[PDB]
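Below is one structure, written out as structure tokens; comments come after it.
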Amino acid sequence: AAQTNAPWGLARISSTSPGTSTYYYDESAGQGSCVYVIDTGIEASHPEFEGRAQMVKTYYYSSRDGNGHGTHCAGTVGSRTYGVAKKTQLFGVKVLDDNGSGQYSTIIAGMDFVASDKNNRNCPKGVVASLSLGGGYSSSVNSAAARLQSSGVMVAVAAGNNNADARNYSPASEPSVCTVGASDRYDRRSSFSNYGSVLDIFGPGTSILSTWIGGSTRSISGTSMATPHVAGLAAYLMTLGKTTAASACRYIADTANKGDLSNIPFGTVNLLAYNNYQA
């Protein structure tokens, strides 16, 4: 299928050149896959989720997203106008509050919860998780992302927005997950994007239009916004049966658009998430 005047990031992961405005994808659109969005929550009521989004855990008063961050990345994963896997099931795991500031112990707990909660669900095609959160280095946050990964979830985390080597950041520095970087609509590395050897793939992270709280939309920029693109890509490529939860990070990397990106510091992968869709 095709999506005309799609948000530039969607169009980018379906072509080998920037500037284009059409998002091409296979009709499956990630049906039968689930993506746990681990963030500030999901306004499941948003018409762009079409009843495919639901909150399954919070670590605060409400399951309601009073921030917008989680609703945005849930939207980029699988909302209908702004999502990569537009048919996927989304599961809100609220580890950040409505300020976007979740303790390491809470983020560890939400990751251990997903690793268990996935057994309660019906995700025949595979389980994905999108961690648009971040933070300084910690073995315990790293270990939790790895446990979540080895438990059969495809974990995509953000490299962080500190214009630094991502190895000083968790869960970004965990080797066994998919540390996603951010690029912009001109195939540059994003101005804030972290980098380093641990980075596995780059995504559209600058000026990402997606859903927002209050039934609205909003365009915002961060490696936090490039993470759902790959997460939705993984959910999409898993529903296609082209990859599994444990190999989806390196399939997207094998099948990436290499050399396309500018200002990729030496020793960092120059790979852009690309669904390689044809007909």
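By Swiss-Prot numbering, chain A shows 106-384, in order.
Structure method, as recorded: electron crystallography, 2.2 Å.
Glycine residues also receive a Cβ, built from the backbone N, Cα and C atoms like all the rest.
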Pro280, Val282 bind Ca(2+) 1 per Swiss-Prot; candidate in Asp203, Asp217, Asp222, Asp305 listed for that same site: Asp305
Helix, strand or coil at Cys283 (disulfide bond) [DSSP, three-state]: strand
Neighbouring recorded positions, C-alpha within 10 angstroms of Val282 (Ca(2+) 1 binding site) - of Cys139, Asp144, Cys228, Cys354, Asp365: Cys354
Set of same-chain residues at least 6 away whose C-beta sits under 8 angstroms from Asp305 (Ca(2+) 1 binding site): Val282, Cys283, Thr284, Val285, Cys354, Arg355, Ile357, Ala358, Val374, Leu376
Ca(2+) 1 site shell beyond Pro280, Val282, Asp305, criterion: Cβ within 8 Å of Cβ centroid: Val262, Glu279, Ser281, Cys283, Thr284, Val303, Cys354
For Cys228 (disulfide bond), the one of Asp144, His174, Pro280, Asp365 that lies nearest, given that the recorded positions are compared by Cα: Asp144
C-alpha spacing of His174 (active site, charge relay system) relative to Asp144 (active site, charge relay system), in angstrom: 7
